[PDB]
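Asks: First the structure, then my questions, so here it is.
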Amino acid sequence: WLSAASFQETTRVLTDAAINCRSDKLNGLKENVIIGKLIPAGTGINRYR
Amino acid sequence: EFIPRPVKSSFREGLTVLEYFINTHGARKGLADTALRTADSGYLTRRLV
Amino acid sequence: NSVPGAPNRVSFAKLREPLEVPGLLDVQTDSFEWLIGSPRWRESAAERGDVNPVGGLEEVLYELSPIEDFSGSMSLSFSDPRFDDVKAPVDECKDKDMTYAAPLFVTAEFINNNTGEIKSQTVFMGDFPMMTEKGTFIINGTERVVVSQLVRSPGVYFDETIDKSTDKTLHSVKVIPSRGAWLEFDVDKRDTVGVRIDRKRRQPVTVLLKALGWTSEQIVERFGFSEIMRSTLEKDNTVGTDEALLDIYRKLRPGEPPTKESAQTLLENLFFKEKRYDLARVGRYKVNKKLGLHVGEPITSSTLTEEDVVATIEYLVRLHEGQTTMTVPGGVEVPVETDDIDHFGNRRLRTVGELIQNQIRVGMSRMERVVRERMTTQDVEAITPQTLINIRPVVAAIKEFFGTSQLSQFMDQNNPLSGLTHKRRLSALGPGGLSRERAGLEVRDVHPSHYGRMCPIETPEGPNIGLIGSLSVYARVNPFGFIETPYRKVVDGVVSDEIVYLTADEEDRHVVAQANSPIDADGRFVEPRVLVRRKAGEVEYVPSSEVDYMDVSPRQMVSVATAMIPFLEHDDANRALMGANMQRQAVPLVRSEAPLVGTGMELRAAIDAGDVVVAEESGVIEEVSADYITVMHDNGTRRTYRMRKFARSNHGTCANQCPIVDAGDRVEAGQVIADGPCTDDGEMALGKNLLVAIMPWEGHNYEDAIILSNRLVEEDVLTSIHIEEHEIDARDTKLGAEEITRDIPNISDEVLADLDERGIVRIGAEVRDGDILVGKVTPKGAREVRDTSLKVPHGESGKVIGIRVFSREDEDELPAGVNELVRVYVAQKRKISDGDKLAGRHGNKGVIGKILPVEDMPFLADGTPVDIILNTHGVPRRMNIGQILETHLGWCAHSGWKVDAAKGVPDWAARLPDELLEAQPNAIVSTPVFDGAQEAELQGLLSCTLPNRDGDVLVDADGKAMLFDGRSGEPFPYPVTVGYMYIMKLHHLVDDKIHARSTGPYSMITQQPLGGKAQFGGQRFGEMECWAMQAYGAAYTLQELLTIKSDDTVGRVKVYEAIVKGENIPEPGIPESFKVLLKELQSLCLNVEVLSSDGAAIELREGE
Amino acid sequence: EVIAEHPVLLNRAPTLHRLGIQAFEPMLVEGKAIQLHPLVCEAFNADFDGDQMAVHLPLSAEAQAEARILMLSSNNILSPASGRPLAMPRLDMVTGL
Amino acid sequence: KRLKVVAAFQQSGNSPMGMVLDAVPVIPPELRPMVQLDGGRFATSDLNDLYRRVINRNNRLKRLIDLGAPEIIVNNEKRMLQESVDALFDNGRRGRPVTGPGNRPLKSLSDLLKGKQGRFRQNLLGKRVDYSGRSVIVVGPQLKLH
Amino acid sequence: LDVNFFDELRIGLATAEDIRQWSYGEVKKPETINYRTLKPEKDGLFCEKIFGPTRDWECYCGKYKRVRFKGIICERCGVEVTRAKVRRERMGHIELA
Amino acid sequence: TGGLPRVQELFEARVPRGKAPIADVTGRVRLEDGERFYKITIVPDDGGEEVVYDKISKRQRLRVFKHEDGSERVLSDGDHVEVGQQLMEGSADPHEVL
DNA sequence: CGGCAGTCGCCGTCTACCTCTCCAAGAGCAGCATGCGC
DNA sequence: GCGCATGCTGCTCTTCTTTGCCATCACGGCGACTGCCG
RNA sequence: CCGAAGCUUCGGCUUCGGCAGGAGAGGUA
Ligand SMILES: [Mg+2]
Ligand SMILES: [Zn+2]
């Protein structure tokens, strides 16, 4: 819901997520940018870090 | 559409009043598209990313 | 010419002019003259069509009254507006931050029908802002301009659309009112005519005819031929007027039972009323001109009638048929066709008078509602006109219009041309027009009806392209709001000299010839066939025997700024657009000089702007100094004119006036007495003449850059003064009150030498960035005072040229609470440097790339360096070849020429005048915009120019010269183009655009850096800039850019300490904006939590 | 010697692709304008009639290493969408050659 | 269409009774600041008025209920309180917007999350930064590619 | 806090019990701020008791004004003696009738 | 600016305005030229069922396709086709071709 | 019951930067302070 | 000399939506829905 | 966080003083 709420239609996605009790695993570029972590690409992946 | 009457004078000899007036319909279209098509282009980019 | 004292500028024109351009500011002043009701407009209206000299305020005051109550026992009326004298002059209003206004009084009478007595007395209705002699308003000390608005006219508008399935042509009418309902008849795809009263589904139209009072007999008589009308009739089955009435009330009254009297009250309180529908005079006219009803009769009675409805339906069904002519019983024959909604015969102009009258009407209506409601709660025999009238709504409406409004705009005073152009602008936006998003692509096009009324070239370049335009030089406005343009009447194939003004709706029934048409000595056309303009803007080549009208001049279709570009017909439209837009951004320079090549419009564009001083009468000059001129008239009266020395304009430039007369001259009325900001001997001069070469040079002029010489810096050729203003206050705080004094405890005596024994700097002190201008200590009622001293904002300097202190102890109008307001001024002489923007009149534009020593510059055979170098790669691909012709003509004018006529005039000089066959060095010429110098004439003049001091001709017959190389010494292998060109300095200087920041102020909610250059802000790292970082693969740069440089509150300080101490940068934490987002989501009753790998939600609040 | 071998990042808006951000090595000049190499104007799409650009400063060791290795202008010559060279002679250089 | 909603309230461990409110949260004060307008007064906060409206209506309802009022008046007050809360959470969705000074519609709690000028696309995906500058670019032909 | 320990982000509907849980007190008076004393009102929308002290290590009265008395609740005012940054993270609630 | 709309109607996949019926089976074709609407019926040469493509507007020019012999000509009643063959001129539906 | 077609509401419409002005007030409810009358 | 009346002045809200005011708002895509006809 | 003033053993300690939101218009690439 974090990646879809910042694209379009915030109210609808937030309402559906609230009803369904969804969980976000924070495993994308946008979510890691939003919360302030290293993106999983380039030099931020486990082999190079 | 194309106006039947052509512009037979070059810019080295100078257009007349009527030719200059009918020539202004194609320099405004390009300038409105420069400031309107870029909206669709931006939207497309953002949706593709 | 036509000006008493003017420079002798010889002209290349071959055509004569039968008309002179009108006053260039009469579009602003005429409307206010009509609104005020002054005798000047009364006489002008008495000149032609003297029927109803009704002012602007008088018609509102007469439409309002009488005001009656529900019982019908008393009434109130108004009459006789009149104005007093203006309280304070213009300069006082601009100085003390006041408004330029005059009180307004009206007379009101109160009649009591029960008794019969009358009580009348004079009431006061507030101060009315007034317009100065230049067409501007001074509101709270700032100059303002009200801009005219382009709106649709109130009338009938038939259209036509096709379907997608059957693809048949369905029509749709639309009676648009001025303020009221919205009838909208239409036809459909089957065969049913339907009305949609007040936007509510649909219905049959026979029900509406029945509801008006029509029956089967009359209906089926008026609607014969039309099979659609028969089908429409036989479907409703409404057996009686009652049926129709009840149905109307049923549909238009939801959640209510349909009544009979209420239906006959609705369909009476909707259209045929007087306070619920009001087709104004434009409406009545434009409805009586299409349908063709009552001609000859006036335009009184402005409410709809059954007649119009009927004629409308007639029109619609006959257009569905095909009948190309229609006659309504009792009228004229009118053609039947569809109409365009963007024709300048349907679009009208709402000037300043009709923009102020609307607000006055709104305030009047509010006051009328208040008095009507209060007339029934007071006791009789104690009711007087002064106790029934409230002034507050009217003054509130006036001050809301003249302040926070989209059409009363801040005036731009970069130079006289921009100020003149601002007052001639037609804007299509505003409260009643369009929107930047709703407007499409068909309202931003050059309609064929703009010829002579709007300029097709001068328009903005951004999102307002086509929504803002400029009026043409010869255009003028109807008493209704329709723009006119002049023509010359022709009879029997000979052009006369009688001028008739025609609107765009009347010139489509005549054949109009072209200005550039060969005319013999008697006035007969030479060419067998002429180029004309037919009905629908169709250009054709008809044999010359049908012409009915003719143009007045070739420059009839251009505005006042486009008519100042020489060789305009050789330029593309886009480049002329940029040249016209960039002529309004030039800055005034310390010394001015007139163009070598001009157009002739520059003389009357400076007198009409109003930034010069002209003499109002004839006399001899008595005394001349640097700041006043005294003129003794012939009768005996003496008049003295003062000057504005080093005044600050709206944009920070300098406005300086200088006298150009001697101590014994004879002066004629209208002669220019003093110069102005951008004026040279009475004519506008925005730039300087420089010697040019067109060639590449080592890549320093790569991609639109410019190379300058050092002689332009050592001789102050391009230098401008800029003045800036600052201010401080002394508003009594809670404990005690602030008091400006030299005593600033916490500061020493070093940074106190300037401040005199009062606390203010001394006129003449040079300030830097950090200097204290005026020092103030806010106390507590010492060891409680603060350091609150006015300082010079970062990156600003210059000498203090003046102060202005206002105090209430000497009796002055200061905002309550404040006790001291000082205003300091600082001026800085700015030179030219790298990064500054230059321009020409043809679209040339670039920033200065390099400034070279005078010994490093290419030089002619006699050792003359060139002043500017331009690249040759940008000319051919942009189609602005007027600049090369301008350089050729400028060289010819500078050097001077002489044509030999020993064996008669040469063949190429047959059509030249007799005064252009010889010229002196440093001559001034003029080439009009569409009738000027041909190219055979230029080619012949380039081989006649005079030599220099030594008998040498530097530029050969092609306009090319051989230059030497100033760095290596060898001559360049090929000849290069040399000449003179007119270069202006634009108001985009690099000293106002440089910015940098390490740390500074931060925001409050989301602790990110502030924004803007005045607040020492940071630069946005937007969304598109993150995609590039993620595509590069840089995972650490992005994290550092987003956490420890923007939001990580605890990491910012540790990062700064680590950098200063030389240690390693720490690991980023968590941004604060995320926590703000979480509290935002939690405030909408959403249970959002941050979990760990095994549940057990983290607190996420620190504190430990 | 403070600004010796310390790269900076230059950006011009709009940033339509990757090459809208590049890392250079600063030099001190006299004036108030930034000097740009003639061969990066194709990637930046920047003429010289009034454009403006922004500067950013890397701080840590990882950011400096990324700027010096991944983003240097002399390492990004080929276009990433078609493989054609972008830093090529054009306009005046083509006529001279 | 209905099963998508009826099954969400069954598969998880939530309840359908969270759609009816009995207490309303209040945002922390430092997220809706009120500051002086240049030594004068305070000029609106766009969020401290919708709270005042809710509190006023709730107080009037409490006083009227604990007095023995007739049913019609209590129903009117309850409807008005419902409308005020609806305007607090989403202004303009139903009926007409609640305006302030100058006929300018007020901005609700859900207007700080939506649009291109909301929190998500203007504060979380792009920010303002330190150590940055700006100027006009000019051509230098003596430089190298780096 | 460490960002390297987050693993999930759960959202869901909130009940009245949760709303009464998060809150530190209930607001009753529509008052906003005291114009004369320039101090927050009582039981208003800016009250110091519900939300937190306006100044560092201070309270409504003047019994505690130092940094060594933190953690003690004022017995005549009710205001905690702690930092003023707690006004960005403490909420309240309104009890509907 | 005339190309962009089709790059949208392609990516953001909708049903193309100017649709063109495609063939499902394989064999000869029919064509019931009426007034403004052909009705191509197709003749499955495998022995199945003729799919009566109805309301095939007359405006659309018939697909100029190389017929089985080799005649690059419009789809004429009596022309063998196969699975996928476009029957009219225009952009095919990305959801039918799947 | 069963199709059915108009209709009505909600979603979206490129990035970065600069300059200026303007942002509820009168009515009403007490709370006295001094002048005037008996 | 005391009581009553009327004007400076603190002092804290208050600002709707009928039979009124108000005037409108592009253009395309999508999905429910809802009265309406059979 | 910055400034002023004291003790200062040179790590630092103490007193006082201090803030930044919206709407509209025009413009450059
Ligand atoms: Mg450019
Ligand atoms: Zn206390």
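Identifiers in this document derive from the order of the structure tokens: chains are assigned A, B, ..., residues are numbered from 1 separately in each chain, and ligands are numbered from 1 in order of occurrence.
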List all protein, DNA and RNA residues that have an atom no more than 12 Å from any atom of ligand 2, counting only C-alpha atoms (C1' of nucleotides) and all ligand atoms, and report them as a ChimeraX atom specification.
Replies: /F:48-49,53,57-65,69,72-81
Asks: Pull N, CA and C atoms from the residues just selected and write them as a tab-separated table (two decimals), in the first residue's frame.
Replies:
```tsv
chain	number	residue	atom	x	y	z
F	48	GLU	N	-1.14	23.03	28.11
F	48	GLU	CA	0.15	22.45	28.49
F	48	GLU	C	0.00	21.14	29.24
F	49	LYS	N	-1.10	20.94	29.97
F	49	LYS	CA	-1.27	19.71	30.73
F	49	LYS	C	-1.45	18.51	29.81
F	53	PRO	N	4.89	20.76	28.23
F	53	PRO	CA	5.37	22.11	28.58
F	53	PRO	C	5.82	22.87	27.34
F	57	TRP	N	12.20	22.21	30.50
F	57	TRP	CA	12.35	21.99	31.94
F	57	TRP	C	11.59	23.03	32.75
F	58	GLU	N	10.44	23.46	32.24
F	58	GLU	CA	9.59	24.45	32.90
F	58	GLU	C	8.21	23.84	33.15
F	59	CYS	N	7.30	24.68	33.63
F	59	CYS	CA	5.92	24.27	33.86
F	59	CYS	C	5.05	25.52	33.90
F	60	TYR	N	3.76	25.33	34.17
F	60	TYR	CA	2.84	26.46	34.21
F	60	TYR	C	3.18	27.42	35.34
F	61	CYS	N	3.49	26.89	36.52
F	61	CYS	CA	3.90	27.71	37.65
F	61	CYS	C	5.42	27.85	37.64
F	62	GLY	N	5.98	28.35	38.73
F	62	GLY	CA	7.42	28.53	38.80
F	62	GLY	C	8.10	27.73	39.89
F	63	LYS	N	7.51	26.60	40.28
F	63	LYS	CA	8.08	25.81	41.37
F	63	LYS	C	9.34	25.07	40.90
F	64	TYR	N	9.32	24.55	39.68
F	64	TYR	CA	10.46	23.87	39.09
F	64	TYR	C	10.90	24.63	37.84
F	65	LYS	N	12.18	24.99	37.78
F	65	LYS	CA	12.71	25.69	36.62
F	65	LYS	C	14.10	25.22	36.22
F	69	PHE	N	15.20	18.60	38.03
F	69	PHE	CA	13.89	18.23	38.55
F	69	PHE	C	13.04	17.51	37.51
F	72	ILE	N	9.42	14.81	37.52
F	72	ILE	CA	8.51	15.12	38.62
F	72	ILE	C	7.30	15.85	38.06
F	73	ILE	N	6.11	15.40	38.44
F	73	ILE	CA	4.87	16.04	38.03
F	73	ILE	C	4.53	17.15	39.01
F	74	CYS	N	4.30	18.35	38.49
F	74	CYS	CA	3.92	19.48	39.33
F	74	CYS	C	2.59	19.19	40.02
F	75	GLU	N	2.57	19.37	41.34
F	75	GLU	CA	1.39	19.01	42.12
F	75	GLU	C	0.30	20.08	42.11
F	76	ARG	N	0.62	21.32	41.73
F	76	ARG	CA	-0.41	22.34	41.63
F	76	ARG	C	-0.85	22.61	40.20
F	77	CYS	N	0.02	22.37	39.22
F	77	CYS	CA	-0.31	22.57	37.81
F	77	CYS	C	-0.67	21.27	37.10
F	78	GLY	N	0.14	20.23	37.29
F	78	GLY	CA	-0.06	18.96	36.62
F	78	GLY	C	0.81	18.76	35.40
F	79	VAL	N	1.69	19.70	35.10
F	79	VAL	CA	2.54	19.66	33.91
F	79	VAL	C	3.80	18.88	34.21
F	80	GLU	N	4.18	18.00	33.29
F	80	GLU	CA	5.44	17.28	33.41
F	80	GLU	C	6.61	18.24	33.26
F	81	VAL	N	7.70	17.93	33.96
F	81	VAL	CA	8.93	18.71	33.88
F	81	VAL	C	9.86	17.95	32.95
```
Asks: Taking only C-alpha atoms (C1' of nucleotides) and all ligand atoms into account, report as a PyMOL selection string which residues have an atom no farther than 7 Å from an atom of ligand 1.
Replies: (chain D and resi 46-51) or (chain J and resi 29)
Asks: Any chance you could export the current selection's N, CA and C atoms (P, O5', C5', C4', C3', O3' and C1' of nucleotides) as a PDB file, in the first residue's frame?
Replies:
```pdb
ATOM      1  N   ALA D  46      21.603  21.910 -23.463  1.00  0.00           N
ATOM      2  CA  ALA D  46      21.768  23.245 -22.905  1.00  0.00           C
ATOM      3  C   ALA D  46      22.414  24.149 -23.942  1.00  0.00           C
ATOM      4  N   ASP D  47      21.690  25.181 -24.358  1.00  0.00           N
ATOM      5  CA  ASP D  47      22.263  26.266 -25.136  1.00  0.00           C
ATOM      6  C   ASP D  47      22.826  27.303 -24.166  1.00  0.00           C
ATOM      7  N   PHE D  48      23.229  28.462 -24.674  1.00  0.00           N
ATOM      8  CA  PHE D  48      23.859  29.490 -23.853  1.00  0.00           C
ATOM      9  C   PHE D  48      23.156  30.824 -24.045  1.00  0.00           C
ATOM     10  N   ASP D  49      21.829  30.820 -23.950  1.00  0.00           N
ATOM     11  CA  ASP D  49      21.041  32.043 -24.051  1.00  0.00           C
ATOM     12  C   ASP D  49      20.213  32.295 -22.794  1.00  0.00           C
ATOM     13  N   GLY D  50      20.668  31.798 -21.645  1.00  0.00           N
ATOM     14  CA  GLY D  50      19.997  32.099 -20.395  1.00  0.00           C
ATOM     15  C   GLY D  50      19.723  30.930 -19.469  1.00  0.00           C
ATOM     16  N   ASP D  51      20.306  29.768 -19.745  1.00  0.00           N
ATOM     17  CA  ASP D  51      20.055  28.593 -18.923  1.00  0.00           C
ATOM     18  C   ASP D  51      20.725  28.720 -17.556  1.00  0.00           C
TER      19      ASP D  51
ATOM     20  P     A J  29      13.873  32.679 -22.497  1.00  0.00           P
ATOM     21  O5'   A J  29      14.394  31.280 -21.946  1.00  0.00           O
ATOM     22  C5'   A J  29      15.767  31.070 -21.665  1.00  0.00           C
ATOM     23  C4'   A J  29      16.021  29.669 -21.171  1.00  0.00           C
ATOM     24  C3'   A J  29      15.534  28.541 -22.061  1.00  0.00           C
ATOM     25  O3'   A J  29      16.421  28.267 -23.131  1.00  0.00           O
ATOM     26  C1'   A J  29      14.913  28.106 -19.820  1.00  0.00           C
TER      27        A J  29
END
```
Asks: Within 12 Å of chain A, which residues belong to chain D? Use only C-alpha atoms and report them as a ChimeraX atom specification.
Replies: /D:62-63,65-66,70
Asks: Leaving out region 15-27 of chain E and any residue of its chain fewer than 6 positions from it, which residues lie within 8 Å of it when counting only C-alpha atoms (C1' of nucleotides), given as an MDAnalysis selection string?
Replies: (chainID C and resid 1079:1080 1083:1085) or (chainID E and resid 9) or (chainID F and resid 13:16 19:20 23 91:96)
Asks: Take the selection from the previous step and output its residues with N, CA, C and O atoms, as a compact mmCIF listing (two decimals), in the first residue's frame.
Replies:
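New file out.txt:
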```txt
# COMPACT_ATOMS: atom_id res chain seq x y z
N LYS C 1079 1.81 10.36 12.00
CA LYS C 1079 0.82 11.03 12.85
C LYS C 1079 -0.35 11.57 12.03
O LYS C 1079 -1.50 11.57 12.50
N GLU C 1080 -0.11 11.92 10.76
CA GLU C 1080 -1.21 12.29 9.88
C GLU C 1080 -2.13 11.11 9.63
O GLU C 1080 -3.36 11.26 9.64
N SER C 1083 -4.24 10.31 12.64
CA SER C 1083 -5.30 11.26 12.98
C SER C 1083 -6.58 11.04 12.19
O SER C 1083 -7.60 11.67 12.51
N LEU C 1084 -6.55 10.20 11.15
CA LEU C 1084 -7.75 9.81 10.41
C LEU C 1084 -8.33 8.49 10.91
O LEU C 1084 -9.01 7.80 10.14
N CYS C 1085 -8.07 8.13 12.16
CA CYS C 1085 -8.57 6.88 12.75
C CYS C 1085 -8.09 5.66 11.96
O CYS C 1085 -8.87 4.78 11.60
N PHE E 9 -13.96 -8.88 6.18
CA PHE E 9 -14.27 -8.79 7.59
C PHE E 9 -14.34 -10.15 8.27
O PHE E 9 -14.53 -10.21 9.49
N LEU F 13 -8.21 -0.71 10.69
CA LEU F 13 -9.20 0.16 11.30
C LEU F 13 -8.92 0.35 12.78
O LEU F 13 -8.44 -0.56 13.46
N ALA F 14 -9.22 1.54 13.28
CA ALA F 14 -9.00 1.89 14.68
C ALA F 14 -10.33 1.94 15.42
O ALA F 14 -11.30 2.50 14.92
N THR F 15 -10.35 1.36 16.61
CA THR F 15 -11.54 1.36 17.45
C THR F 15 -11.46 2.49 18.47
O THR F 15 -10.46 3.19 18.58
N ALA F 16 -12.56 2.68 19.21
CA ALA F 16 -12.59 3.74 20.21
C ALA F 16 -11.59 3.48 21.33
O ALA F 16 -11.04 4.43 21.90
N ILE F 19 -8.21 4.78 20.28
CA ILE F 19 -8.19 6.24 20.31
C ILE F 19 -8.08 6.76 21.74
O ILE F 19 -7.38 7.74 22.00
N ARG F 20 -8.76 6.11 22.68
CA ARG F 20 -8.61 6.50 24.08
C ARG F 20 -7.28 6.05 24.65
O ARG F 20 -6.85 6.59 25.68
N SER F 23 -4.37 8.72 23.42
CA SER F 23 -4.53 10.07 23.94
C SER F 23 -3.93 10.21 25.33
O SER F 23 -3.90 9.27 26.13
N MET F 91 -0.89 13.36 21.59
CA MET F 91 -2.20 13.64 21.02
C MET F 91 -3.25 13.78 22.12
O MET F 91 -2.97 13.66 23.32
N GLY F 92 -4.48 14.07 21.69
CA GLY F 92 -5.62 14.18 22.57
C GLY F 92 -6.85 13.66 21.85
O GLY F 92 -6.76 13.17 20.73
N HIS F 93 -8.00 13.76 22.52
CA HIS F 93 -9.22 13.24 21.92
C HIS F 93 -10.43 14.02 22.42
O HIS F 93 -10.37 14.71 23.43
N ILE F 94 -11.52 13.91 21.66
CA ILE F 94 -12.78 14.58 21.96
C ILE F 94 -13.84 13.50 22.18
O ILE F 94 -13.98 12.60 21.35
N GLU F 95 -14.58 13.61 23.28
CA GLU F 95 -15.59 12.62 23.63
C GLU F 95 -16.94 13.07 23.10
O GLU F 95 -17.55 14.00 23.64
N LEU F 96 -17.43 12.41 22.05
CA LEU F 96 -18.70 12.79 21.45
C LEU F 96 -19.86 12.28 22.29
O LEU F 96 -19.82 11.15 22.81
```
Asks: Taking only C-alpha atoms (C1' of nucleotides) into account and nothing else, which residues of chain I lie no more than 12 Å away from chain F? Please answer as an MDAnalysis selection string.
Replies: chainID I and resid 11:13
Asks: Could you make a table, as a Markdown table, of the residues of chain A that have an atom within 6 Å of an atom of chain E, each with its nearest atom pair and distance in Å to one decimal, counting only C-alpha atoms, in chain and number order?
Replies:
```
| residue | atom | partner | partner_atom | distance |
| --- | --- | --- | --- | --- |
| A:6 | CA | E:120 | CA | 5.7 |
| A:20 | CA | E:8 | CA | 5.6 |
| A:34 | CA | E:124 | CA | 5.8 |
```
Asks: From the options D:75, D:42, D:32, D:53, which residue's atoms come nearest to chain C, counting only C-alpha atoms?
Replies: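 Looking at the shortest contact to chain C, the residue is D:32.
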Asks: Using only C-alpha atoms (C1' of nucleotides), which protein or nucleic acid residues come within 10 Å of residue 35 (chain B)? Drop anything in the same chain fewer than 2 positions from it, and give the result as a list in words.
Replies: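 Here the answer would be residues 30, 31, 32, 33, 37, 38 and 39 of chain B; 461, 462, 463, 464 and 465 of chain C; 14 of chain H.
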Asks: Using only C-alpha atoms (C1' of nucleotides), find the residues of chain I whose closest atom to chain C is at most 12 Å away, then write them as a count of residues only.
Replies: 9
Asks: Write out as a PyMOL selection string the residues lying within 10 Å of residue 5 (chain A), counting only C-alpha atoms (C1' of nucleotides) and excluding same-chain residues fewer than 3 positions away.
Replies: (chain A and resi 1-2+8-14+17) or (chain E and resi 113-114+120)
Asks: Residues near residue 1029 (chain C), anyone? I mean within 10 Å using only C-alpha atoms (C1' of nucleotides), not counting same-chain ones fewer than 4 positions away, as number ranges by chain.
Replies: C: 1024-1025, 1033-1038; D: 18, 21, 71
Asks: Among region 6-46 of chain A, which ones does DSSP place in alpha helix (DSSP H), written as JSON, numbers by chain?
Replies: {"A": [10, 11, 12, 13, 14, 15, 16, 17, 18, 19, 20, 29, 30, 31, 32, 33, 34, 35]}
Asks: Write out as a PyMOL selection string every residue belonging to chain E that has an atom at most 8 Å from any atom of chain D, counting only C-alpha atoms.
Replies: chain E and resi 131-141+143-146
Asks: Any idea what's packed within 8 Å of residue 60 (chain D), counting only C-alpha atoms (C1' of nucleotides), ignoring anything in its chain fewer than 4 positions away? Could you give it as a list in words?
Replies: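 The residues satisfying every condition are residues 1064 and 1065 of chain C; 64 of chain D.
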Asks: As an exercise, work out the distance from CA of residue 858 (chain C) to CA of residue 839 (chain C) in Å and give it to one decimal place.
Replies: 21.9 Å
Asks: Please measure the separation of CA of residue 7 (chain B) and CA of residue 882 (chain C), giving the value in Å to one decimal.
Replies: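 Between CA of residue 7 (chain B) and CA of residue 882 (chain C) the gap works out to 18.8 Å.
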Asks: Counting only C-alpha atoms, which of B:42, B:9, B:48, B:29 gets nearest to chain D?
Replies: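 Closest to chain D, using only C-alpha atoms: B:42.
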Asks: Counting only C-alpha atoms, which residues from chain C have an atom at most 9 Å from any atom of chain D, and could you show them as a compact mmCIF listing (two decimals) with C-alpha atoms, in the first residue's frame?
Replies:
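The resulting selection-v5.txt:
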```
# COMPACT_ATOMS: atom_id res chain seq x y z
CA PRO C 696 33.20 32.28 -35.67
CA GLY C 699 34.65 28.82 -30.02
CA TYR C 702 29.67 28.81 -29.51
CA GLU C 703 25.93 28.09 -29.21
CA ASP C 704 24.47 31.60 -28.96
CA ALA C 705 27.22 33.20 -26.85
CA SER C 833 30.06 41.46 -17.11
CA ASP C 834 30.07 37.76 -17.97
CA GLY C 835 26.60 36.23 -17.90
CA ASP C 836 24.61 39.37 -18.72
CA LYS C 837 21.98 39.08 -21.45
CA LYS C 845 19.55 36.74 -27.96
CA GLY C 846 22.46 35.40 -25.94
CA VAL C 847 24.59 35.90 -22.86
CA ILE C 848 28.07 37.41 -22.86
CA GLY C 849 30.67 34.66 -23.03
CA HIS C 873 25.55 29.35 -37.77
CA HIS C 988 18.35 39.55 -16.60
CA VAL C 990 23.89 37.61 -13.23
CA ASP C 991 24.34 39.57 -9.98
CA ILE C 994 23.86 33.70 -8.03
CA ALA C 996 24.75 29.22 -2.55
CA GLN C 1019 17.57 23.66 -3.99
CA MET C 1024 12.82 13.13 -11.69
CA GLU C 1025 16.27 13.59 -10.14
CA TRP C 1027 15.17 8.27 -11.05
CA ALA C 1028 18.55 9.24 -12.52
CA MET C 1029 20.27 8.39 -9.23
CA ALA C 1031 19.44 4.31 -12.70
CA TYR C 1032 23.11 5.13 -12.05
CA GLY C 1033 23.22 2.66 -9.16
CA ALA C 1034 24.33 5.18 -6.52
CA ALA C 1035 22.72 3.85 -3.34
CA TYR C 1036 24.77 5.84 -0.79
CA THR C 1037 24.63 9.27 -2.43
CA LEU C 1038 20.82 9.12 -2.52
CA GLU C 1040 22.91 10.83 2.25
CA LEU C 1041 21.10 13.38 0.06
CA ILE C 1059 33.44 17.47 9.25
CA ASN C 1064 34.41 10.07 9.59
CA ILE C 1065 30.81 10.92 8.70
CA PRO C 1066 28.33 8.97 10.88
```
Asks: Give me the chain H side of the contact with chain C, cut-off 8 Å, one line per residue showing its nearest atom pair and distance in Å at one decimal, counting only C-alpha atoms (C1' of nucleotides), sorted by chain and residue number, as a tab-separated table.
Replies:
```
residue	atom	partner	partner_atom	distance
H:15	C1'	C:1024	CA	7.7
H:20	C1'	C:410	CA	7.4
H:21	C1'	C:410	CA	7.9
H:22	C1'	C:404	CA	6.2
```
